[PDB]
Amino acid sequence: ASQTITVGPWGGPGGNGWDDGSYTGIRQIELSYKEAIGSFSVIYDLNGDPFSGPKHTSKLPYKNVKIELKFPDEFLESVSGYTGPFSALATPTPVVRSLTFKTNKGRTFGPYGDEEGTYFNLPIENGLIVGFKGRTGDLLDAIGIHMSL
């Protein structure tokens, strides 16, 4: 097995751990949100063809959003968000409350969720996010990234 620089998890130890692994790039990101981030799944690029990563779906009735990147001219240049406990859960471990994505083309996708708690910011000067890692219970407990050149 090859390996990739893996950075992060930002968030808490709750939920179940998952790792989608590494691919060639990112085409589309799908997440649900309200006061925190619920569902999270992505459509990766695998050597030129779209490839659906495993779904990390949340049952909560949250609003869905689809982030379509203009692969391969456009790619994530930074990932940022907020982690903190959430009040509505039984629950006391930190969870990803908010997520914000910035592109090399200057596009910004939201702040989805409540911008409340402790802040995390991953600005990328050189390199590509090539896969996601994280934890999901009823919501998105933690998020992590795999990177390559």
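Residue numbers here begin at 1 and follow the sequence given.
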Mean C-alpha temperature factor, higher of 118 to 126 and 58 to 66: 58 to 66
Quick one: higher average CA temperature factor, 102 to 110 or 41 to 49? 102 to 110
Classify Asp138 as lowest, middle or highest third according to the C-alpha B-factor given in the PDB entry, relative to its own chain. highest
Ranked against its chain, the third holding the CA B-factor of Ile29: middle
Using the B-factor values recorded in the entry, state whether the Cα atom of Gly11 falls in the lowest, middle or highest third among the modelled residues of its chain. middle
